[PDB]
Amino acid sequence: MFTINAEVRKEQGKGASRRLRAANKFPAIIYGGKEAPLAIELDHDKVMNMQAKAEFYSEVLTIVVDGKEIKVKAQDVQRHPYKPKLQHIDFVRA
Amino acid sequence: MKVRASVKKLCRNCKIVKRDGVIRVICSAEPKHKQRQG
Amino acid sequence: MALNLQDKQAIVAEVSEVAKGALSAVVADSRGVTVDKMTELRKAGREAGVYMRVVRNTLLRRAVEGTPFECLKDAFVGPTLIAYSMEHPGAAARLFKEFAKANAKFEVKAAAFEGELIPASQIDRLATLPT
Amino acid sequence: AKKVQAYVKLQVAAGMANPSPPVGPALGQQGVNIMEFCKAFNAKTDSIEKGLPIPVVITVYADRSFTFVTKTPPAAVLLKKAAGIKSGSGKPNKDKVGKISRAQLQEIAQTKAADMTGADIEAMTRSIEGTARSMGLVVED
Amino acid sequence: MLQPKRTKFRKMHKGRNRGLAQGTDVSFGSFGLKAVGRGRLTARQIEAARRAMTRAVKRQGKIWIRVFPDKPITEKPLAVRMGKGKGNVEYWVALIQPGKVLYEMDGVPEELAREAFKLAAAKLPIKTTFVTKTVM
Amino acid sequence: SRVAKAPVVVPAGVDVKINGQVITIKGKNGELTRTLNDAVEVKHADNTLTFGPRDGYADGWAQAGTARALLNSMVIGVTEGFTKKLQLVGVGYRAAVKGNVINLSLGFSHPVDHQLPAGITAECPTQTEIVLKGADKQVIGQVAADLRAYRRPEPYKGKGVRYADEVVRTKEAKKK
RNA sequence: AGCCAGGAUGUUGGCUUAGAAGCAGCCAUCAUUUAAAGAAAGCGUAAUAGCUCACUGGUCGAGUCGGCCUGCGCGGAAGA
């Protein structure tokens, strides 16, 4: 049971992503199905402990935002080239 | 004693001490392991 | 050493024979060389075999937590090392007398070789045992 | 017996007396000569098997008198005369030469238990099983 | 001594070492030695780090070499004035960006692979770190 | 910290005066006075002595652990006293004490005479043995080190001034 | 972590038997007595011996231990 506390993104782009990622909060996005893609913003250290388990990329995740229980699955991850940290995770809505 | 710029513990009796700002290795068993720098 | 769970399987194995035993005895080895293992521990194989638990976990809360199940006067043994001993073969057998005649057998210190239950009292070298 | 000050474990190859080439000055170091060593052991040679490498614990006292209690020959040589092979380990991970049964070894392991530190006889025959496959021997069952 | 066979051209420009690496993950094996620093690894440096690494664990195991030099480096001889054409090719280096996996190892315990990557990192000029194969 | 939070008990008959940061302890064996660093907080207020970190100083707990052990030695020294036992290993290595001066023959070309400090009593029941007594553990430790520094224990035969509770590693000449 | 103990039985385990006996190295990498003890980590023996350590008993009394990401620091750092 991987529950992630996340927020909706208000800004985007190169400058916006680097600003919020430097605040220990790397961005992501939830897409899939037929709804519009939801650019999401979430804390880095919380997911960094959960993503170290092998079951993080195989079970269905429940990312909560605005009180909404969204059944989501991890599609792809953009890790840092040389640092033990994440930059962006692609979340497929399953 | 060795004046190697990279000192380490060479056995279980080696102990690291920072005497007067200089980091030294003190071994009770082997006097050869005694060294200081870095 | 591992978690508390493997420290409780020693509590489970200890309590598993507390409610069926008759007598309880105390012996100590603070000078005990493996010649005591030669004599005292092989003395258990003379009677029945392996399972005479002579375990020593008599901390103030380690062996005391397994005491309130049965024979509740073992809670305050504390220091002065205690090796528990139970007597399954024969009702009121002579393992307490087995240590009473072992006072000249490398047993200078034995936590005063007290013994623990049947009269619910203290140190007394009993002689009213069935033969 | 006393605490160790002068006594050691000796007697390699007790088939012949006075093991001066194998052991030598080990008992001659502290206080014990080799001449009287065969005198006290002469009552224990022909009472047991002759030609077997049996060890003995030489007990040294401070009054020129020495006693001895003979122990059981090891599993290193009791598996040689039982299986019928004059060999040993050599390289235990590459060859297995011995063909000895468990019942063939426990009938003399009950003689081993008179000096071994066990409770049950069959609870200690598995200890000789631990020496069995360490030498290139399989215990058939 | 890694060296390409029958390349198109003998000499090539110096170039620049900018941007990030591409092979940033452990693909073939299970343990890797990801480079953190930025520099050039010569043919000697790669081979010297290889000898100190394949001897560290045992003769067992499989080791992958993710990096190949594929770039000639010229060097003017002593007492030669500037100009008079390009110098002669002496050795071959490999441009390494921060995050490049240099070696990949598999079939060994993690503790044993930790020491091999520590000994190989001493021969390398740039700073490297121990990385593992992450799932997906 | 763990040493600083363990109070030393002062016995009966020996009085401890708190002269601010200066502490004097008087006993039947002698009287030791010592001033401490300002980082400690000493309050007698009992039949024991307690310690604590004075405010402002960050290393008060580390200083109080040192001050606890010092005053612990100042209690044992004035009630029982400290004693160091030496040994003179070597041929012709004699020792003699003349009131307060210790004469040593350590194979030199001249006799060496060490002068004992005030309150330090040394006896020589054996010519190859020196027993010295005092009230301060630190002072008699320096005296024992000074006597050992004249002729240190040889790492080949153990020759030299050594402590009775000292072990000496001996090496060989590698061929003969 | 300290303060008081064990640290065993076989087992000289075989190999060139000069002996490798827990401790040059080849190998299985055992089983029991079991509060616990590895046929063994160091010093020490030609080989034994011995001093200990792991692991386990008691006292004690609370946090301690081993990595990671980093700010500011130390050494490396010797010239007229």
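Rules of the game
- As a numbering rule, every chain is indexed from 1 in the order its sequence is written, which need not reproduce the entry's residue numbers; residues that lack coordinates are not presented.
- Written order determines the labels here, with chains lettered from A and ligands numbered from 1.
- In this view, a larger assembly is represented only partially, and all stated values concern the represented chains.
- Water and hydrogen atoms were dropped before computing side-chain values, which therefore reflect all heavy atoms in the structure.
- For the purposes of this entry, the term helix denotes a DSSP run of H or I that reaches at least four residues, the term strand denotes a run of E that reaches at least two, and both are numbered from the N terminus.
- Radius of gyration: over C-alpha atoms. The globule rule applied is 2.2 Å multiplied by the number of residues raised to the 0.38 power.
- Exposure categories follow from relative accessible area, calculated using a 1.4 Å probe and restricted to protein chains: below 20% of the type maximum is buried, above 50% is exposed, and the middle band is partly exposed.
- Per-residue accessibility takes into account occlusion by the displayed protein chains alone, with areas from the Shrake-Rupley method and a 1.4 Å probe.
- Here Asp and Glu are counted as negative and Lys and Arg as positive; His is not counted, and neither are the chain ends.
- All charge positions are set by atom: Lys at NZ, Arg at CZ, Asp at CG, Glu at CD.
- Contacts: residue pairs with any heavy atoms within 4.5 Å of one another.
- When we say a residue is near a molecule or strand, we mean one of its heavy atoms is within 4 Å of it.
- Any N or O atom pair separated by 3.5 Å or less is treated as a polar contact, with the protein-specific requirement of one donor-capable and one acceptor-capable atom, and with residues adjacent in sequence counted only for side-chain atom pairs.
- Note on residue classes: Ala, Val, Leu, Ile, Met, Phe, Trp, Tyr, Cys and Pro are nonpolar, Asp, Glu, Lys and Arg are charged, and everything else, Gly too, is polar.
- Note on definitions: salt bridges are taken to be side-chain nitrogens of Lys or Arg within 4 Å of carboxyl oxygens of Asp or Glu.
- Here the buried area means the combined drop in accessible surface, using a 1.4 Å probe, for two parts upon being joined, counting both sides.
- The arc in question is the one traced by the directions running from the helix axis out to the C-beta atoms.
- Here a strand pair is declared whenever DSSP counts at least two bridges between the two strands.
- Axis definition: a line fitted to C-alpha atoms, limited for helices to the stretch in contact. Angles are taken between N-to-C directions and run from 0 to 180 degrees.
- Within this analysis, patches are made of residues with over 30% relative accessible area and no salt bridge. Like charges are joined at 9 Å or less; nonpolar side chains (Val, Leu, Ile, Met, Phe, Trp, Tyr) at 5 Å or less.
- With respect to orientation, any angle under 35 degrees is reported as roughly parallel, any angle over 145 as roughly antiparallel, any angle of 65 to 115 as roughly perpendicular, and every other angle as oblique.
- Two helices that cross are described as forming a left-handed crossing if the nearer one is turned anticlockwise from the farther one by less than a right angle, and a right-handed crossing if clockwise.

- Structure determination for this entry is recorded as cryo-EM, at 2.9 Å resolution.

1. Considerations on the overall build of chain F
Consideration 1: Assigned secondary structure in chain F consists of two helices and 13 strands.
Consideration 2: Computed over the C-alpha atoms, the radius of gyration of chain F is 20 Å, more than 25% above the 16 Å expected from 2.2 N^0.38 for a compact globule of 176 residues.
Consideration 3: Overall size of chain F, expressed as C-alpha extent along the three principal axes, is 65 × 40 × 25 Å.
Consideration 4: The buried share of chain F, reckoned over its 176 residues, is 34%.
Consideration 5: For chain F, the computed accessible surface area is about 10,300 Å², with 52% contributed by carbon and sulfur atoms.
Consideration 6: Considering chain F, the positive charge centre built from 26 side chains and the negative charge centre built from 17 side chains are found 10 Å apart.

2. Regarding the arrangement of the chains
Consideration 1: With two pairs of chains in contact overall, the contact-richest pair is chains A and E.
Consideration 2: One finds no contact between chain B and chain C; the C-alpha atoms of the two approach each other to within 21 Å at their closest.
Consideration 3: No part of chain E reaches chain F; the closest C-alpha pair between them is 34 Å apart.

3. So, the protein's contact with RNA strand G
Consideration 1: Around RNA strand G, the surrounding shell holds 64 residues, and the nearest of these are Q37(B), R31(C), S89(D), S127(D) and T131(D).
Consideration 2: Among the atoms of RNA strand G lying within 4 Å of the protein, the sugar-phosphate backbone contributes 74%.
Consideration 3: Residue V54(C) places a main-chain N or O atom 2.7 Å away from a phosphate oxygen belonging to RNA strand G.
Consideration 4: Within the side chain of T131(D), a nitrogen or oxygen atom sits 2.7 Å from a base oxygen of RNA strand G.
Consideration 5: The set of elements that each furnish at least two residues to the surface near RNA strand G consists of α2 (34–47) of chain C together with β1 (8–10), α1 (25–28) and α5 (125–132) of chain D.
Consideration 6: When residues in the surface near RNA strand G are grouped by element, the largest group, five residues, is from α2(C).
Consideration 7: A class-by-class count of the residues in the surface near RNA strand G yields 30 nonpolar, 20 polar and 14 charged.

4. Some points on the pattern of salt bridges
Consideration 1: Inspection of the entire model under this criterion finds 14 salt bridges over all chains.
Consideration 2: Close ionic contact of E11(A) with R19(A) constitutes a salt bridge, the shortest N to O distance being 3.3 Å.
Consideration 3: According to the relative accessible area criterion, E11(A) is partly exposed, its value standing at 49%.
Consideration 4: Each of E36(D), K39(D) and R64(D) takes part in one network of salt bridges that share partners.

5. Focus: the interface of chain E and chain A
Consideration 1: Every contact between the two is made by ten residues of chain E and, on the other side, eight residues of chain A.
Consideration 2: Note on chain E versus chain A: buried area summed over both sides is about 750 Å², and carbon and sulfur give 73% of it.
Consideration 3: Counting the contacts that link chain E with chain A gives zero salt bridges.
Consideration 4: Its residues placed into classes, the side of chain E that touches chain A shows six nonpolar, three polar and one charged.

6. Some points on helix α2 (residues 35–45) of chain D
All names here are of chain D.
Consideration 1: Buried within α2 are the following residues: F37, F41 and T45. End-on, the buried residues of α2 take up no more than an arc of 65°, which puts them together on one face. In this structure, α2 carries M35, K39 and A43 as exposed residues pointing more than 90 degrees from its buried face.

7. Remarks on the sheet that holds strand β7 (residues 82–89) of chain F
The strands making up a sheet are joined through hydrogen bonds of the backbone, oriented either antiparallel or parallel.
Residues and elements named next belong to chain F.
Consideration 1: The four strands are arranged β11-β12-β7-β13 in an open sheet whose pairing can be described as antiparallel. Each end of this open sheet is capped by a strand with a single partner; those strands are β11 (121–126) and β13 (160–163). Ignoring which end each strand starts from, the neighbouring axes of this sheet average 25° apart.
Consideration 2: Strand direction decides the pairing type here: β11 and strand β12 (residues 129–134), joined by four bridges, are antiparallel.

8. Observations concerning a positive patch on the surface
Residues and elements named next belong to chain E.
Consideration 1: On the surface, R10, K11, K14, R16, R40 and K86 cluster together into a positively charged patch.
Consideration 2: Structurally, the position occupied by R40 is in strand β2 (residues 39–42).
Consideration 3: Of the residues examined, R40 reaches a relative accessible area of 37% and is grouped as partly exposed.

9. Topic: the packing of helix α1 (residues 43–54) of chain E against helix α2 (residues 110–123) of chain E
All names here are of chain E.
Consideration 1: It is at 8 Å that the axes of α1 and α2 come closest, and there the two elements cross at 155°. On the basis of their axis angle, the class for α1 and α2 is roughly antiparallel. In this structure, α1 crosses over α2, and the sense of that crossing is right-handed. Where α1 abuts α2, its residues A48, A49, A52 and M53 lie against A116, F117, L119, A120 and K123.
Consideration 2: Along the lines of polarity and charge, the residues of the contact of α1 with α2 split into eight nonpolar, no polar and one charged.

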